[PDB]
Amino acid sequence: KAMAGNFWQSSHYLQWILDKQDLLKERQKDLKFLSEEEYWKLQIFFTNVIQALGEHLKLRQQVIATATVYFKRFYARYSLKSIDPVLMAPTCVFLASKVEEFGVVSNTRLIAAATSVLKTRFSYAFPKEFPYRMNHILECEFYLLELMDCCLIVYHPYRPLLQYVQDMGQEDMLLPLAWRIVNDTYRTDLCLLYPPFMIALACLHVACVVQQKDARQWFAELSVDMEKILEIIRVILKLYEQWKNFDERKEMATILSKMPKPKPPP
């Protein structure tokens, strides 16, 4: 529970809640190579890769979530060509796991996990084996920590969501779906643009609508800017429409080929 009630004076809030136009402005350099649709599809793909890596290593959802935010922060500022996202994904999982003290991920286990997960679950995207070794992970970790300005503590919607569903008295009915919808929000930019409690409230609202639960009084009893919640609700509804229309298994090899490549040395 370290720093649990400190969000408003946290580095998450003060530095890493970004402006949407600044995010879009920095994205234009990669948008010379990829369309907007293709870039969103890449974000979805690497979220799934990180999820699969964390599941292989048996890490709790919060640790996986933290690793996903690290990845998003890096490529919010820099181009996909700067460091290989195939290398960056396992590095983010490795770093996130070390912010915890209940268990350790060893070096051989990390490399074995990256090798195995990419061949058994992502062979449609990657015909060759994971070509990086531990020294490449350790070097990439230094760049990641520097870029993030050593900001390692991250807040997520899971803790507030838990408090809200307990307050409703609807844990058994609503929590499993609301939790699942929170997982799906990491396929978008939402974690860079809104505080976690607002994301949780949007996910709980969409869950209530899917399950046909009347909760309009409960949402009225809160003191929150409902306009920003509605903005978040609309990104969730759109996410599931892109999900329907997207086949990552058929498309990602071609999308990955269009990514800008690194300049070699002299």
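From 1 onward, residues are counted along the sequence shown. Rigid core (definition): largest C-alpha set, two forms, superposition within 1.5 Å.
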Greater Cα displacement in 9 other deposited structures of this protein once the core is superposed, comparing 123-131 with 98-106: 98-106
Of 98-106 vs 174-182, the stretch with the larger average CA B-factor in the entry is 98-106
Of 63-71 and 30-38, the one with larger mean CA B-factor: 30-38
So if I compare the CA B-factors in the entry for 88, 154, 125, 191, which one is the largest? 125
Please rank the C-alpha B-factors of the chain's modelled residues and tell me whether residue 84 sits in the lowest, middle or highest third. lowest
Residue 21: CA temperature factor from the record, placed by chain third, in the highest
Among the modelled residues of this chain, does the Cα B factor of residue 78 put it in the lowest, middle or highest third? middle
Report the third (lowest, middle or highest) to which the CA temperature factor of residue 142 belongs, ranking only the modelled residues of the same chain. middle
If you rank the chain by CA B-factor, which third does residue 114 end up in: lowest, middle or highest? middle
